[PDB]
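1. an experimental structure, sequence included, is below.
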Amino acid sequence: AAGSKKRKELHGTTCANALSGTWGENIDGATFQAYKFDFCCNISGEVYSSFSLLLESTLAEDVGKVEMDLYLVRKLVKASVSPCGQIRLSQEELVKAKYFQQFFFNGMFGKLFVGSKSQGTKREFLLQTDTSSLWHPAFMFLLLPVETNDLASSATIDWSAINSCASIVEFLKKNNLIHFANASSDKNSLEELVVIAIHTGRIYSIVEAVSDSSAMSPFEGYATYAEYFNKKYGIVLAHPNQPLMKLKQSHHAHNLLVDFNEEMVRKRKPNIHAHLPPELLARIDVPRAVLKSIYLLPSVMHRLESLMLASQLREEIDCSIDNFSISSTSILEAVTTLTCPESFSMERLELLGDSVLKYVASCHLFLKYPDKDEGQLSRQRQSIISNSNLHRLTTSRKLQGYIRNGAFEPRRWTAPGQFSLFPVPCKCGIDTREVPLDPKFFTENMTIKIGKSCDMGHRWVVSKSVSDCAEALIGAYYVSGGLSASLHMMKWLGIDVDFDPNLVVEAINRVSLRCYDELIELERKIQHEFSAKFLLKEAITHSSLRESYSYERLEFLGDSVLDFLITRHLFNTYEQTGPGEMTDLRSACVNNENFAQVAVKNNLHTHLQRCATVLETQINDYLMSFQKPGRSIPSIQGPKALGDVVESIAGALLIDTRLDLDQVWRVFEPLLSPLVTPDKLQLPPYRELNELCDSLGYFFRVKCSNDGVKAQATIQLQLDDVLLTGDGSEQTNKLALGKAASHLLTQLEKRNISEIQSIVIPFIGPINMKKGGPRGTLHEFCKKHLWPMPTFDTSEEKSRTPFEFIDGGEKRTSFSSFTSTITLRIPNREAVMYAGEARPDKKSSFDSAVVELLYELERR
RNA sequence: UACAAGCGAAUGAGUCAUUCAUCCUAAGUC
RNA sequence: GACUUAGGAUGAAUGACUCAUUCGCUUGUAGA
Ligand SMILES: [Ca+2]
Ligand SMILES: [Ca+2]
Ligand SMILES: [Zn+2]
């Protein structure tokens, strides 16, 4: 392996490098750059309070103007940035700003009472202890709230919120009838207030509904709340507490960035409340919208972080823009591979970029080597465009860091001031985040997680993902720049490109005057003036003439440039079709018999000079094989030397228009006028027969005999009741079987569809086990003996009792107890049904039913 | 959408194993 | 005409894993 799909290896991630490099705690006066965070909601819902995120570095003015949408539950919330100036923070204001982020991001995410009551009875506050280790100088933010009240502009930081948060922090550092901790409050209205508990952490959301209940009120193995806090914490309540608070508690982050299931069921549940006495509660004077808006931040900052790695790569290729200035949101989905769940995932750019690279390499090797023959050029073109050579060029330029295999679990998300309750420790060995390449880190082994991240940044890469990412970057620079834009990217990676000497070939051909008209009639049908008469004449001579000039080198250039034209034509018109259907639509146009069908339709084949009489009989056979229309389809496939003519035309006029490429598509558009469209697309018939028979569940066997010049083949299919046959003979025999397949398929369309023994004579092999065995043996047995597929029916069971006991090697507790009864339709007999009993898996229930029907099938 | 862990089902992707293909560019043997 | 290998762009059936979002149940939680 050298870049295939089985070799897997580590690669290190890359930090943002525009996020932070240092901090102003030495100079004791620090200046920041501000970036607004406003939220606009589609559903009316609730008005989200704004934020601002600070840095030391500024942004690249395309990241600083971004619009994104967030899919919360059913509502859709938009988000934007729109930067606002600068800001200068004094020392004590910088100390108040740190406790805010260390209090809220440790409130809903993690715990801020680090101390075990069970291990050793000592509890801390997490802010008394030695912090700044968590910051780990590589990530720096200081997100701050903003008062959204604006006359024209609101650059305020809402300092009452920061002072209240710092006041309750220093309070917990020290540690009619109404009573909180620290605040008496107002008995009148206490809705939408925000509290903290003192005996535990977990700052709470909206308190509401002061209910007619005491602290001595029935719990629902405890009688009242008072004995519960007397027992579980050893805390007596200072007041009898005729009021009592119920409140909504705080969940975690949910990856509210991609609509997984809203637009494709989520049966929502009522909200689980909690109760606490009010004298265990200390009051914060912060608003509630700033508490509802915390959940929106670890979804927006992963976009804003993934766009910084986009703009860092964009400024790393370029030394001189021609006019190409592409969006940073197109670098982002040119690198993210398909394992990351997102909208667009770089395969669609890759299908374009491979053909761009093939075209540039083919015309470059044509123009550099005028003396070298066709097969020797295709080997050097095989050396450059290969999928192992790009792996040598990609990881040498350190592009492997940005590859984003990813899953984006949002639960970890290492913040600046977060304690991060979910660590996965480094068992990888080395401590630097980037790995050097060595066969210790290469592997060919399953049962390992692809894309899962270590703390330092390591992850396994499929190594096809790093090899085709060089092709997608070429594609991205083509769709937003021009062809001259994607010449600089091939100049970056080290692929040699030399488009200057395109004069000398036509020069040495047009000084071939008198050594070594009928060419007039060819230019009527091409609809082109043609600057050089000799170049057009050169792309005609078969090889029968035995002249020094050849027409297969221009064919080598022409198939490449025509592949690139057809694959850039399909890329713009159909925006939604992936690479699996686009490859089929491209194979419909560059089919080699399709080009033979075009060269006869425009009556261009008669200009071909040839002396091989073996070929001449095939032309006479092929043109008489045409039928009347609708178009005239051929009876046989015919020659490949006739279809190479229209490919050789695409190379000659390319040189005569001097490497211009919009002119050649102006010529071949009227010649190719019935271009294919995905509804009218007709698969080659044997492939469609195979993909039809595998879909329904019917099996067929094939027979082939290349007896003489005439080759015939028969296909026998097995339906549920009747067998079907198809005959077919052709000289090649590769397609003759496809013609027999089409003869059977038009018939099959008329029925409106588009160790142990067997019963007596057939013989089952030795039985297999381990979760997939007998279904595999039964499937291979149904493939050999032409039977249809069995259909499995199950019966789902549920037990609320906390044991469903099924035997085996282990005890195997469960909750399922599945059992399944199947039917096996055997031709010209009756259907047979039987059931298994045990083993609470769907698949293992199917397996037990297979074993039971094979034991019943023996005694019959 | 209180949190963590385990068992089960549905949907969608990725890799692997076995056996059959479609399309183009080259090469060798009989 | 047969077969094999090298290079790039792909698809279908059956089976095992892994990840992603949601749902039912169970033990535990300085959760109530
Ligand atoms: Ca590829
Ligand atoms: Ca050809
Ligand atoms: Zn590691």
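-> Done, it's in. Residues are numbered from 1 along each chain as shown, chains lettered A, B, ... in the order given. Ligands and ions are numbered 1, 2, ... in the order given.
2. checking the residue nearest to residue A:412 when sequence neighbours are not counted next. Helix, strand or coil?
-> Distance criterion C-beta to C-beta, 6 or more residues apart in numbering; nearest residue to residue A:412, sequence neighbours excluded, is residue A:422 at 5.1 Å. C-betas here are computed from N, CA, C, even on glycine. What DSSP: H, G, I helix; E, B strand; the rest coil gives for residue A:422 is coil.
3. isn't residue A:422 right next to residue A:413, touching?
-> No - counting by C-beta atoms under 8 Å, residue A:422 sits too far from residue A:413 to count as a contact (9.4 Å).
4. okay, those two: which has more neighbours?
-> residue A:413 (20 against 11; other C-beta atoms under 10 Å).
5. now that one. Nearest residue, chain neighbours left out?
-> For residue A:413, the closest residue by C-beta to C-beta, 6+ apart turns out to be residue A:298, at 4.8 Å.
6. check the secondary structure at the one you found for me.
-> helix.
7. residues from the stretch 651-800 of chain A in reach of ligand 3?
-> Proximity of the stretch 651-800 of chain A to ligand 3 (C-beta under 5 Å from the ion) involves no residue at all.
8. surely residue A:418 meets residue A:108?
-> No - using C-beta under 8 Å, residue A:418 is not in contact with residue A:108; the gap is 10.4 Å.
9. which SS state does residue A:79 fall under?
-> strand.
10. ditto for the one 5 residues further on
-> Secondary structure state of residue A:84, per three-state DSSP, is coil.
11. ditto for residue A:596
-> Strictly by three-state DSSP, residue A:596 counts as helix.
12. please tell me how far it sits from RNA strand C.
-> Distance, residue A:596 to RNA strand C, using C-beta to the nearest atom of the strand, to the nearest Å: 16 Å.
13. what do you get for residue A:749?
-> Taken as C-beta to the nearest atom of the strand, the span from residue A:749 to RNA strand C is 19 Å.
14. residue A:604 too?
-> 26 Å.
15. which ones are touching that residue?
-> A:522, A:525, A:645-646 (C-beta atoms under 8 Å, 6 or more residues apart in numbering).
16. name the SS class of residue A:364, please.
-> helix.
17. you'd agree it is up against residue A:495?
-> No - with contacts defined as C-beta under 8 Å, residue A:364 does not count as touching residue A:495, sitting 9.0 Å away.
18. so which residues on chain A come close to ligand 3?
-> A:426, A:428, A:454, A:456, A:458.
19. what about the first one, which helix or strand?
-> Secondary-structure element containing residue A:426, defined by DSSP states H and E: none, the residue being outside all helices and strands.
20. so who does it touch?
-> Residue A:426 neighbours (C-beta under 8 Å, 6+ apart): A:454-456, A:458.
21. list buried members of those residues by neighbour count.
-> The neighbour count (16 or more other C-beta atoms under 10 Å) marks A:454, A:456, A:458 as buried among those.
22. touching RNA strand C at all, stretch A:448-466?
-> Yes - using C-beta under 7 Å from any atom of the strand, stretch A:448-466 reaches RNA strand C at A:449-450, A:452.
23. can you show me the helices along the stretch 751-860 of chain A?
-> A:773-784, A:842-858 (DSSP state H, counting those that start in this stretch).
24. so which elements touch the longest one?
-> Yep, that's helix A:842-858 we're talking about. helix A:773-784, strand A:791-795, strand A:819-824, strand A:832-835 (3 or more C-beta pairs under 8 Å, 6 or more residues apart in numbering; DSSP states H and E).
25. list of residues touching stretch A:777-795?
-> A:697-701, A:716, A:718-720, A:723, A:762, A:764-765, A:767-768, A:818-827, A:842, A:845-846, A:849-850, A:854.
26. give me the distance between residue A:825 and residue A:832.
-> From residue A:825 across to residue A:832, the span is 9 Å (C-beta to C-beta, to the nearest Å).
27. just give me the neighbour total for the residue lying closest to residue A:395 once chain neighbours are set aside.
-> Nearest non-adjacent residue to residue A:395, counting by C-beta to C-beta, 6+ apart: residue A:466, 6.2 Å away. Using other C-beta under 10 Å, residue A:466 has 24 neighbouring residues.
28. ok, now which ones touch residue A:840?
-> If you count contacts by C-beta under 8 Å, 6+ apart, then residue A:840 has A:804, A:806, A:812, A:814-818 around it.
29. now the spatially closest residue to it that is not a sequence neighbour: how far from residue A:110?
-> Counting by C-beta to C-beta, 6+ apart, residue A:816 is the residue found nearest to residue A:840 once chain neighbours are left out, at 3.6 Å. As judged by C-beta to C-beta, residue A:816 and residue A:110 stand 36 Å apart.
30. okay, helices next: where are they in the stretch 1-150 of chain A?
-> A:91-104.
31. circling back: return the most buried member of the helices and strands packed on helix A:842-858.
-> For these, the largest average neighbour count (mean count of other C-beta atoms under 10 Å) is found in strand A:819-824, namely a mean of 18.
32. what's near enough to touch the nearest residue to residue A:107 once chain neighbours are set aside?
-> Using C-beta to C-beta, 6+ apart and skipping the chain neighbours, the partner closest in space to residue A:107 is residue A:203 (3.9 Å). Listed by C-beta under 8 Å, 6+ apart, the contact partners of residue A:203 are A:103-104, A:107-108, A:194-197, A:250, A:284.
33. tell me, which of the residues you listed make contact with RNA strand B?
-> Counting by C-beta under 7 Å from any atom of the strand, the members of the contacts of residue A:203 near RNA strand B are residue A:250.
34. of the contacts of residue A:203, grab the buried ones for PyMOL.
-> Applying 16+ other C-beta under 10 Å to these leaves a buried subset, and the PyMOL line that selects it is:
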select buried, chain A and resi 103+104+107+108+194+195+196+197+284
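35. and the residue of the stretch 451-600 of chain A nearest ligand 3?
-> residue A:454 (3.2 Å; C-beta to the ion).
36. neighbours of the residue of the stretch 451-600 of chain A found nearest RNA strand B, how many?
-> Closest residue of the stretch 451-600 of chain A to RNA strand B, C-beta to the nearest atom of the strand: residue A:592 (3.2 Å). Other residues within reach of residue A:592, judged by other C-beta under 10 Å, total 16.
37. hmm, residue A:642 and it touching each other?
-> No - contact between residue A:592 and residue A:642 fails when scored by C-beta under 8 Å: they sit 9.7 Å apart.
38. just to revisit the earlier point, of the contacts of residue A:604, which ones also sit close to RNA strand B?
-> Near RNA strand B, judged by C-beta under 7 Å from any atom of the strand, there are no entries from the contacts of residue A:604.
39. now tabulate those in CSV and tack on secondary structure, neighbour count and distance to residue A:144.
-> Shown next, in CSV, are the contacts of residue A:604 (DSSP: H, G, I helix; E, B strand; the rest coil; neighbours: other C-beta atoms under 10 Å; distance: C-beta to C-beta, whole Å):
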residue, secondary structure, neighbour count, distance to residue A:144
A:522, helix, 18, 74
A:525, helix, 13, 72
A:645, helix, 22, 71
A:646, helix, 23, 66
